[PDB]
């Protein structure tokens, strides 16, 4: 389902968004119940808000600050009171149309909140 960042809610199983990359950190390991996994974190946003993106597996470390990307078949979770966006093995990421897409100074700072 198509979404705007400010509307995201916990446990959305399949989400499509177009966002600018505001920040992108280096990849690192994290522990999980099923084994150790590679991730990276980014902050991404649109005209309605910004959100933390966790990039799993093949997507870890794959994007850069300033890019505009179309993300298809992402999913959301909740962590520490905030909605989290997630990209994994079935998520697709492509470069998108920058034609007038807001720059960082016009992307608001609100983040989607868990109930």
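Residue numbers count along the first chain shown, from 1.
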Greater mean Cα temperature factor according to the PDB record, 11 to 19 or 96 to 104: 96 to 104
For the listed residues 31, 38, 73, 54, which one has the largest C-alpha B-factor as given in the deposited model? 38
By the entry's values, the third containing the CA B factor of residue 3 is the middle
Among the modelled residues of its chain, the C-alpha B-factor of residue 113 falls in the third labelled highest
Which third, lowest, middle or highest, does the CA B-factor of residue 45 fall in along this chain? lowest
